[PDB]
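The lines below spell out each chain.
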Amino acid sequence: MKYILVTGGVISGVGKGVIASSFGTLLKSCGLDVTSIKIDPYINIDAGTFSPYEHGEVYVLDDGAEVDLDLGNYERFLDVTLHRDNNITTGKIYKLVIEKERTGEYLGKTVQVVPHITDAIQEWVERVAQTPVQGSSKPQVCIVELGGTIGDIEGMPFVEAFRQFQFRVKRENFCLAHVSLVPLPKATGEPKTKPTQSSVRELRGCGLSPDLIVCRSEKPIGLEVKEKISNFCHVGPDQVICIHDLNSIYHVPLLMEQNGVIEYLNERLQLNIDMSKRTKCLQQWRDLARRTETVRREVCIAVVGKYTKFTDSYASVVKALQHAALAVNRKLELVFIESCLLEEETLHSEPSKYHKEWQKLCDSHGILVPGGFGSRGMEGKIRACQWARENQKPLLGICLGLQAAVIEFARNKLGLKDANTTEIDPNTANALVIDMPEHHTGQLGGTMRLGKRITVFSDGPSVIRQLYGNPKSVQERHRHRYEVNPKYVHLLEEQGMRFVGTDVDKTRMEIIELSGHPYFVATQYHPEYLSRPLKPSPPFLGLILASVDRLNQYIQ
Amino acid sequence: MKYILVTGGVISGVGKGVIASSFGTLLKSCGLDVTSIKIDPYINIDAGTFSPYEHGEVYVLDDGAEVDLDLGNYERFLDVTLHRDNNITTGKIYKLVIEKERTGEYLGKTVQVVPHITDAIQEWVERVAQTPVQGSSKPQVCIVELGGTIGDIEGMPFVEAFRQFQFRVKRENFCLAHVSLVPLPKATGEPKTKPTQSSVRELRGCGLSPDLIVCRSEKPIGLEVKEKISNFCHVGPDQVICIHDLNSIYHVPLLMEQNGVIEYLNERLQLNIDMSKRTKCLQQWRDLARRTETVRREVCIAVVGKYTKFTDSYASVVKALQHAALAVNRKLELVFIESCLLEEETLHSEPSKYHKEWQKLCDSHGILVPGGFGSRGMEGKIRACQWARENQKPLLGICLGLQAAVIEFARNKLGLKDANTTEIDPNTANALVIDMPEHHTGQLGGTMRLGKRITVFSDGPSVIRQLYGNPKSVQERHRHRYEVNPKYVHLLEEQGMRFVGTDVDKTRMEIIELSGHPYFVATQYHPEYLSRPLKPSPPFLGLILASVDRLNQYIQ
Amino acid sequence: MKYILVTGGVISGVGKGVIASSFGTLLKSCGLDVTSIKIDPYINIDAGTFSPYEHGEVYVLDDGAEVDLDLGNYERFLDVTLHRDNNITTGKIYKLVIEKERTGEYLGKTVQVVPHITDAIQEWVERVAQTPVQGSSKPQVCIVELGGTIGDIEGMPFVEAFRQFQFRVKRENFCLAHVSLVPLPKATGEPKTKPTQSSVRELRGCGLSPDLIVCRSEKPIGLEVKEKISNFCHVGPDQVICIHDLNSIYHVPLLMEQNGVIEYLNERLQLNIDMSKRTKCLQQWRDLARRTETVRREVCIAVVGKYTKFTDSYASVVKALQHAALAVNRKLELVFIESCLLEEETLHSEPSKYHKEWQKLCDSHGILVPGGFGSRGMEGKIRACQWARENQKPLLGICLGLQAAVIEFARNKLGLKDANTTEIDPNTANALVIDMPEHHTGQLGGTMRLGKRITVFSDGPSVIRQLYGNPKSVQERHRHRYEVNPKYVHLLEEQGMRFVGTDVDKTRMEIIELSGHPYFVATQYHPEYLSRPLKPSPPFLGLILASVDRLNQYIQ
Ligand SMILES: Nc1nc2c(ncn2[C@H]2C[C@H](O)[C@@H](COP(=O)(O)OP(=O)(O)OP(=O)(O)O)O2)c(=O)[nH]1
Ligand SMILES: Nc1nc2c(ncn2[C@H]2C[C@H](O)[C@@H](COP(=O)(O)OP(=O)(O)OP(=O)(O)O)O2)c(=O)[nH]1
Ligand SMILES: Nc1nc2c(ncn2[C@H]2C[C@H](O)[C@@H](COP(=O)(O)OP(=O)(O)OP(=O)(O)O)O2)c(=O)[nH]1
Ligand SMILES: Nc1ncnc2c1ncn2[C@H]1C[C@H](O)[C@@H](COP(=O)(O)OP(=O)(O)O)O1
Ligand SMILES: Nc1ncnc2c1ncn2[C@H]1C[C@H](O)[C@@H](COP(=O)(O)OP(=O)(O)O)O1
Ligand SMILES: Nc1ncnc2c1ncn2[C@H]1C[C@H](O)[C@@H](COP(=O)(O)OP(=O)(O)O)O1
Ligand SMILES: [Mg+2]
Ligand SMILES: [Mg+2]
Ligand SMILES: [Mg+2]
Ligand SMILES: [Mg+2]
Ligand SMILES: [Mg+2]
Ligand SMILES: [Mg+2]
Ligand SMILES: [Mg+2]
Ligand SMILES: [Mg+2]
Ligand SMILES: [Mg+2]
Ligand SMILES: [Mg+2]
Ligand SMILES: [Mg+2]
Ligand SMILES: [Mg+2]
């Protein structure tokens, strides 16, 4: 088994995830089987209790585990089905070791960090690396990404464990790629190599040595900077790879190939990769990059989301929208709209921003209402849903968007002006959205309806059923804790809406649709987690087609 | 609240525990209330699963917690009743934080080490420091001892937490004493200050600074060495305290007083200790040190123990024996005898060692059989018990010694040659000692009969009942997992033995005695944990008096 | 005496020099006397042997010492006359200590780094801080700038020396300001505090602690970033000062004042600065900043220099040009022109660049030919001088510019097509510029005509004599090693040129002028080193006035 370790330089947003995903893509292009392990030095057992601002959107796996978006990147670039054990956190290791000690496995000796925690980390890595991830495939290469930067107090156990690991499995099976930042201050005007030198010195003090130095900058650096880095890092001139800011992340594998990363890894790790056959290996990615470069027609989708201030809080959403837009030869113009600024309270505070956001929402061909938590920005989601339903603008709501759509429908069409969710208004006369009884045991974190489920399509002609391929039932991943009230659904269905998606029990409904309006579809689950570059999610594809006025043509 | 931190230098056997206990003794002599917190950077929840070789004898607290011998030193020098929360381990903090995160206390943000683990450590220290420990007394000074040495990967969270703590509570409430070793190699022939300089440099790199430098050596160091340490550690000449190897640990408080530690701490910590009243404060300790220096009459006790290779594995037993010997103006000659070398197997392997150990056992005025775990050396305990019972040599057995005495009595007097414990021989025809059903749930660590219990004295004249003061029932601390079989006890009592100690249910017997032999007493509990310098344990005092042929005189 | 230490963060171009100069300006506005010491951890005795690319333009002091441009910034912002001892290098300290040891001052003991090198550094700082620098003024505050970044192997002696120094002079006399960089990567899109945290951790490990944290960024950072820095650096919220990229360096003192730096330093260093009187203190700098903001009229000067790739290689030149431009209410449009691209060889290689640079040179109102070393780009200087003399474009040549002008004059007007300098063509038939015999002893570094000298104005009406104020002789600083041949000067003076500047011996001529051409002045010395914000250099002022066609009006 061969291992690649990707460590961090001076910042944690440097791009380790993209580098590791590109390593996996290159190694799978050759023909190998690649595993991916994400190491999160934080103590949370899972990521189900994170704000989207802290590290980005929270991914939901197939078994219900909530993990980082790095696992989403791994699944998107590698088309593999990861498990709960592909994410390693400090809390997991410490809980495991504490339980083992309490049971009596370590009887006689004291449990320490270096002999016991590091041993548990190494055993976890070795056991997970061999776990099949694409079916019956036996993996050949494991890519481990260390979250954070070198020098943190949280990463010390992991760097010590890998310092022992490189000798446990010999140097021919272990490689280490270091990703660093090369700032180019405007006032100074020249690229600076000092932070990279400090990072390399810290990594050498920790007992490791970078086989590769990936220098990340905004613009290509000169040969003087690269030579300086090679001299002051004790690394070969051809062992330093310069990756600058590219148009899309699809160019990163191509950039690393043109920098000869595959050849260096094949000689360094003894992968026995033959050069003759591996020609035109990245044809799918080259075609995708060319299509991203050569899309002229414009499609505009407005995202009424409450996590707009950070652009990576809707990573999977943006990626699914991009996949759908590329699948129809359209250039996705994404306008992020804070749902808070669409509320009437903003009008009494910042009229200019309110009008600017409303006119941004009014000039878009489509609207998307993703999920979220809390009560802030939910009224703006209601207002956007109301406007879209009134003016026949196509809209796609996800999780919280479905609840907002139901609230708007009940408040306007049914006249129940007091309709609200128990999440926001527990004392509601007409609790349109209520709580699922078995997911409020007072223990936040891994206690909702999580993972794959089964959604039953109702008996009746619905275009959303067509969009998926006219099936009887479909499977998707859920991240919801509240559900709509059955009794009002009986009323809402009669008036103007069609609940066309439910579960086997026909008690938990998931998909709503309306007669009249061309495309007004809301989902309780997240269709975005199953989107791949060549497999755009059918809901997003339908939203794009309706936005560009091509849905009817695609139907026939 | 005032805090004193005692950190380690180049070795962990340097003497931090004695220094902290002496600090507590000095501060309690002035009149203050002193708490003690022991920080163990290991991950074990408690010390119930430690070998005696790793750190020494394992102490049992009043509530059942098994802790380090440092807590025993604290209770012996301070006469306080510590609790489970006076020991801090890495496992405790990590388990606490993991449970808090899982419940939902840290919702929204990732749990890290510096903002969360260190905060939990500081909250634990602040909450435990204020917990009453001598009754209704509100503590004034907390003495925290950091286990290990500065620079360990395990101690990094604690040193970071205390680096923040010194500024959280201001420098006037926080003091740091550093204990270092000054080696004097025979070949080199001169004291070396370099290890102390390296330790000080590491401590300053960690963000702390030693208010005191305690230099530990075997012989007093010259003024040149002390001046060198003061110059190269950036510490004042009078701020370095030299403690050498003394006859007894009772001299350490006196040595630190004659080095002016109390005055420096009073000025540095603003303790407002008045100089005029505090005269003749350490009169008990000065008297005890003089008595240790001026004991001429000789008493010899042989310890048939399996943990002889390390002299600190019987710390509490040795201290109780010393207290009893000093209470009768006798000098305790302690000869440690490995019970393995008293077995007939050693005779066929090392006859010289077998004869040497047997003649060491034969020239002693008394024998002590302490407790232990495992099957190694148990046959030697049986042989020693048999010889003592045959030749009328006084003997005191503790825990495993009681089971050994029962086994010997059944095998010899009752003729049951197959008598054995289930701990060693589960397939026994006559299981003289069996297992308690409720303490084998397959979870080692805090699952025995632990802590204070109640022992009922049987209705009948027994000298052990007198030795305690002729009570009806007494309370002691238990660390046993196996108990003797009731049915054979009915036979054993009839033949020659008197089971004079049981529990309230009259089903778990604890103390044995036999007619004839002057002093042959065995206990299921540990009497040594309740011994104090002015309160010797009555069993040990009786053993000493019987050894020196003074028990009959003391009776009347 | 009070000391301020300015240390470096993650890069050495962060702006420590501007921060220290602004500290000095603020402290001198209050009324104190401020010294400045620049510490260069390199081993060069002086900066006379540096490339302009390594750290920038090399400054020449009054006594002949060649120092860094930081001393030029100190003299420009403080209007003080520094000495050779205001620059501390590693070579200086080590040479001093080695000479002392060889003489016998350290007899008996070995000379080490911590007790001896650091002691020499501290003695140097203490002795130089008290040296008068503005006349008879006794200094009150010394500002020490540490070159480089914290963590370098070269800076370890100096950081150790200052760690002892802060306790030698007590904390009330010592303050430490840390300047760090806060990158905002385009891909990541958010400011990053991790490099600042790492720098603070390294500085705390070195034994120091930043009283101030100056965060340098390109755009103002949000309050979240500042709060994160305050939390993770253990520094107060108001102790973090954010300085972003400003229009001119004159805004930095005003920015630090509006951030309340003066008040914090007055309370921290006990400067006893009264608040009531110090009103409108920075009126000169506020007026200068407003004038820099409010200059509309355009003046264009082309710099034909060979060190164009780095914009700081002509720091003093650009500053003198800016002072002259501001003194006439004109906005200086500076176009840097590589003299290499003006050569005919570039025409045969890159015709586009050759034509672009020639048309950049042709659209400027004036030309400046600064000094330099080597032969590269000298032919381009000749071509630019020839074009300017032919087309009546005003030109100012410095040092090498005077030699280029003489070469062009001899080659064209006198017809000596083989005229060249001995510096470039030692085997010259007509050596127009030759070597000074006493400055080629084979020892590069402090061996030229350096420091202040005396220049004698020739008997005859010359406009350059007027520009200075019609004196008889003037004093300037020299950095030249070659001088023109006297015999050809006799011929050139007759033809069309007037050598109007010589020395007392009337053998070393310094200033040339030509009849006809409005403004063609060349100087052997550097007038730029004596330029101050309110005292623009008369040569640069005359060049600007001739460029904007106002010289004749200014004459009368
Ligand atoms: N608010 C909330 N968060 C949950 C819940 N279950 C899991 N989580 C996670 C999602 C959220 O990203 C995170 C809470 O952090 P935040 O306070 O930032 O959530 P929220 O989106 O409501 O932001 P906000 O407080 O409204 O500004 O915990 C839940 O039941 N309620
Ligand atoms: N053997 C044993 N140890 C226990 C038990 N419960 C708690 N402990 C602790 C006491 C022991 O000091 C420690 C085990 O470490 P050791 O192997 O050194 O114990 P032991 O005294 O038997 O030494 P030995 O293996 O015979 O050389 O676990 C138990 O039921 N059996
Ligand atoms: N070439 C040269 N440099 C000197 C002399 N005396 C002092 N110095 C300094 C100035 C220069 O900046 C430095 C030499 O470094 P460089 O090679 O970069 O100088 P130069 O301007 O000629 O650059 P170049 O080699 O032409 O690309 O030494 C001298 O006599 N000749
Ligand atoms: N070479 C590159 N060019 C352009 N964008 C990049 C890039 N590498 C990464 N990115 C983008 C993708 C991510 O959203 C962000 C960096 O985060 P990341 O790639 O997940 O790394 P990390 O896991 O270290 O944060 O910037
Ligand atoms: N000053 C002194 N003189 C003689 N013996 C000492 C001493 N200080 C400590 N000792 C003994 C008592 C202990 O058994 C051993 C050191 O261990 P300790 O005092 O518990 O410190 P630590 O907790 O650092 O191991 O040596
Ligand atoms: N706050 C600020 N805004 C704009 N430019 C600045 C600035 N501070 C410094 N600069 C410019 C001036 C210098 O040429 C360069 C930084 O170099 P410097 O100020 O001499 O510091 P250092 O000595 O650390 O290199 O950037
Ligand atoms: Mg990340
Ligand atoms: Mg990542
Ligand atoms: Mg962050
Ligand atoms: Mg919330
Ligand atoms: Mg110990
Ligand atoms: Mg101890
Ligand atoms: Mg040990
Ligand atoms: Mg065992
Ligand atoms: Mg500089
Ligand atoms: Mg500088
Ligand atoms: Mg540099
Ligand atoms: Mg040269």
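Per the PDB entry, chain A carries the name CTP synthase and comes from Drosophila melanogaster. Each PDB entry has a title, and for this one the record gives "dmCTPS tetramer with dATP dUTP dGTP and DON". A UniProt comment under Pathway is attached to chain A, and it reads "Pyrimidine metabolism; CTP biosynthesis via de novo pathway; CTP from UDP: step 2/2." Under the UniProt heading Sequence similarities, the note attached to chain A is "Belongs to the CTP synthase family."

A. Here's a closer look at the UniProt feature "active site" in chain A. Residues and elements named next belong to chain A. Annotation from UniProt places "active site" at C399, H526 and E528. The named residues occupy 130 residues along the chain; their greatest pairwise C-alpha distance, 11.5 Å, places them in one compact cluster. Tracing the backbone shows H526 in the loop between β23 (520-523) and α18 (538-547). Dropping the residues within four chain positions of it, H526 is found in contact with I398, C399, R477 and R479. Residue position: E528 is located in the loop between β23 and α18. Assessed through its relative accessible area of 1%, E528 is described here as buried.

B. Up close: the relation of the copies chain A and chain B. The operation relating chain A to chain B is a screw motion whose rotation component is 180 degrees, with 0.0 Å of axial translation and a residual RMSD of 0.0 Å. Here the symmetry operator amounts to a two-fold rotation axis.

C. Spatial organisation of the coordination of the magnesium ion (ligand 12). Residue and element names in this part refer to chain B. Each protein donor to the magnesium ion (ligand 12) is listed here as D70 (OD), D70 (OD) and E145 (OE); together their distances run 2.1 to 2.6 Å. Separating the magnesium ion (ligand 12) and the magnesium ion (ligand 11) is a distance of 4.1 Å. Remark: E145 occurs in strand β6 (residues 141-146) and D70 occurs in helix α2 (residues 69-78); sequence separation between them is 75 residues. The residues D70 and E145 share a single accessibility class, namely buried.

D. Broad picture of the site of ligand 2. Around ligand 2 sit 14 residues in total, of which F50, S51, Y307, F373 and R376 of chain B are the nearest. Each of chains A and B places residues near ligand 2. A distance of 2.4 Å separates an oxygen atom of ligand 2 from a polar atom in the backbone of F50 of chain B. Side-chain polar atom of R376 of chain B to an oxygen atom of ligand 2: 2.7 Å apart, as the coordinates give it. Split by residue class, the shell around ligand 2 holds 6 nonpolar, 5 polar and 3 charged.

E. Fine view of the sheet that holds strand β15 (residues 431-435) of chain A. Residues and elements named next belong to chain A. Pairing in this open sheet of 3 strands is mixed, and the strands run β14-β15-β20 from one edge to the other. Edge positions in the open sheet fall to β14 (420-421) and β20 (482-484), since each of these has one partner strand only. Packed on one face of the sheet, helix α17 (residues 486-495) meets β15 and β20 and runs near 140 degrees to β15.

F. Summary view of the site of ligand 1. Contacts to ligand 1 come from 14 residues, most closely from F50, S51, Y307, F373 and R376 of chain A. Near ligand 1, residues from chains A and B are present, making the site a shared one. With respect to ligand 1, the side chain of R376 of chain A contributes an N or O atom lying 2.7 Å from an oxygen atom. Burial of ligand 1 by the protein chains amounts to 73% of its free accessible area of 590 Å².

G. Molecular detail of the interface of chain A and chain B. On the chain B side, the residues contacting the 37 residues of chain A number 37 residues. Here chain A meets chain B over a buried area of about 3400 Å², counting both sides, of which 60% is carbon and sulfur. The tally of links between chain A and chain B comes to 2 salt bridges. Broken down by secondary-structure element, the contributors of at least two residues to the side of chain A that touches chain B are α3 (90-103), α4 (113-129) and α5 (156-168) of chain A. It is α3 of chain A that contributes the most residues to the side of chain A that touches chain B, 8 residues altogether. For the side of chain A that touches chain B, a count of residues per class yields 15 nonpolar, 14 polar and 8 charged.

H. Region of interest: the domain arrangement of chain A. All names here are of chain A. According to the domain assignment, chain A consists of domain 1 (2-290) and domain 2 (291-555). Using C-alpha coordinates to define each centre, domain 1 is positioned 35 Å away from domain 2. Facing the 31 residues of domain 1 at the interface are 34 residues of domain 2. Across the interface of domain 1 and domain 2, roughly 2800 Å² is buried in total on both sides, 50% from carbon and sulfur atoms. On the domain 1 side of the contact with domain 2, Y53, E57 and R76 bury the most area, a combined 29% of that side's loss. Counting across the interface, domain 1 meets domain 2 through 4 salt bridges. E75 serves as the salt-bridge partner of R532, at 3.0 Å between the closest nitrogen and oxygen.

I. Here's a closer look at the relation of the copies chain A and chain C. In the superposition of chain A on chain C (RMSD 0.0 Å, axial shift 0.0 Å), the rotation amounts to 180 degrees. A shared binding surface is used by both copies, with 100% of the interface residues of chain A retained as interface residues in chain C.

J. Examining the pairing of strand β2 (residues 34-40) of chain C more closely. Residues and elements named next belong to chain C. Taken across its 7 residues, β2 has 7 buried, putting it largely inside the fold. Neither face of β2 is left uncovered, since the one carrying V34, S36, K38 and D40 and the one carrying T35, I37 and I39 both have all their residues buried. Taken together, the 6 bridges between β2 and strand β6 (residues 141-146) define a ladder with parallel strand orientation. The partner of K38 across the bridge, within β6, is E145. Across 3 bridges, the pairing between β2 and strand β5 (residues 87-89) is parallel. Pairing of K38 across the sheet is with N87, part of β5.

K. Representation of the interface of chain A and chain C within the structure. In this complex, chain A contributes 22 residues to the contact, which on the side of chain C involves 22 residues. Carbon and sulfur atoms make up 53% of the area that chain A and chain C hide from each other, which totals about 1800 Å². Contact with chain C buries area across many residues of chain A, yet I11, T188 and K194 of chain A alone supply 22% of it, more than any other trio. In this assembly, chain A and chain C are joined by 2 salt bridges.

L. Quick peek at unusual backbone geometry. Residues and elements named next belong to chain A. In the Ramachandran plot, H234 falls in the positive-phi region, its phi being about 55 degrees despite a non-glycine side chain. Within the fold, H234 resides in the loop between α7 (223-232) and β9 (240-244). Residue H234 is classed as exposed on the basis of its relative accessible area of 72%. A positive phi angle, close to 60 degrees, is found at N329, a residue other than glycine. Residue classification places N329 among the partly exposed positions, given a relative accessible area of 44%.

M. Expanded view of the pattern of salt bridges. Residue and element names in this part refer to chain A. Per the counting criterion, the structure on display carries 63 salt bridges over all chains. With a closest N to O distance of 3.2 Å, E438 and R508 form a salt bridge. Here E438, found in the loop between β15 and β16 (449-452), pairs with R508, found in the loop between β21 (497-502) and β22 (509-514); they are 70 residues apart in sequence, far enough to count as distant. Overlapping salt bridges, with partners in common, bring together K38, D40, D68 and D70 in one network.

N. How the structure looks around the pairing of strand β7 (residues 174-181) of chain A. All names here are of chain A. Of all 8 residues in β7, 8 are buried; the element is thus mostly enclosed. Taking every second residue as pointing to the same face, both faces of β7 are buried, with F174, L176, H178 and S180 on one and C175, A177, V179 and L181 on the other. The pairing of strand β1 (residues 2-8) with β7 spans 6 bridges and is parallel. Directly across from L5, in β7, lies its bridge partner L176. Of the pairings in the sheet, the one linking β7 to strand β8 (residues 212-217) comprises 5 bridges and is parallel in character. Along β8, the bridge assignment pairs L181 with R216. The parallel pair β7 and β8, bridged by helix α6 (residues 194-205), forms a crossover whose chirality is right-handed.

Criteria and thresholds
- Residues numbered from 1 in each chain as written, not as in the entry; some residues may be left out.
- Chains lettered and ligands numbered in written order.
- Part of a larger assembly, values for the part shown.
- Heavy atoms only, no water.
- UniProt positions renumbered as here; feature names shortened; annotations may be inferred.
- Helix = DSSP H or I, 4+ residues; strand = E, 2+ residues; numbered from the N terminus.
- Contact = heavy atoms within 4.5 Å.
- Buried < 20%, exposed > 50% of the residue type's maximum accessible area, 1.4 Å probe, protein only.
- Least-squares fit on C-alpha atoms.
- Donors = N, O, S within 2.8 Å, 3.2 Å for Na, K, Ca; no water.
- Near = heavy atom within 4 Å.
- Polar contact = N/O pair within 3.5 Å; in protein donor to acceptor, adjacent residues only side chain to side chain.
- Nonpolar A, V, L, I, M, F, W, Y, C, P; charged D, E, K, R; others polar.
- Pairing = 2+ DSSP bridges.
- Axes fitted to C-alpha atoms, helices over the stretch in contact; angles between N-to-C directions.
- Areas by Shrake-Rupley, 256 points an atom, 1.4 Å probe, with all protein chains shown as cover.
- Buried area = accessible area lost by both parts, 1.4 Å probe.
- Salt bridge = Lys/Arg side-chain N within 4 Å of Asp/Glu carboxyl O.
- Domains from an automatic or database assignment.
- Right-handed = clockwise from strand over helix to strand, strands pointing away.

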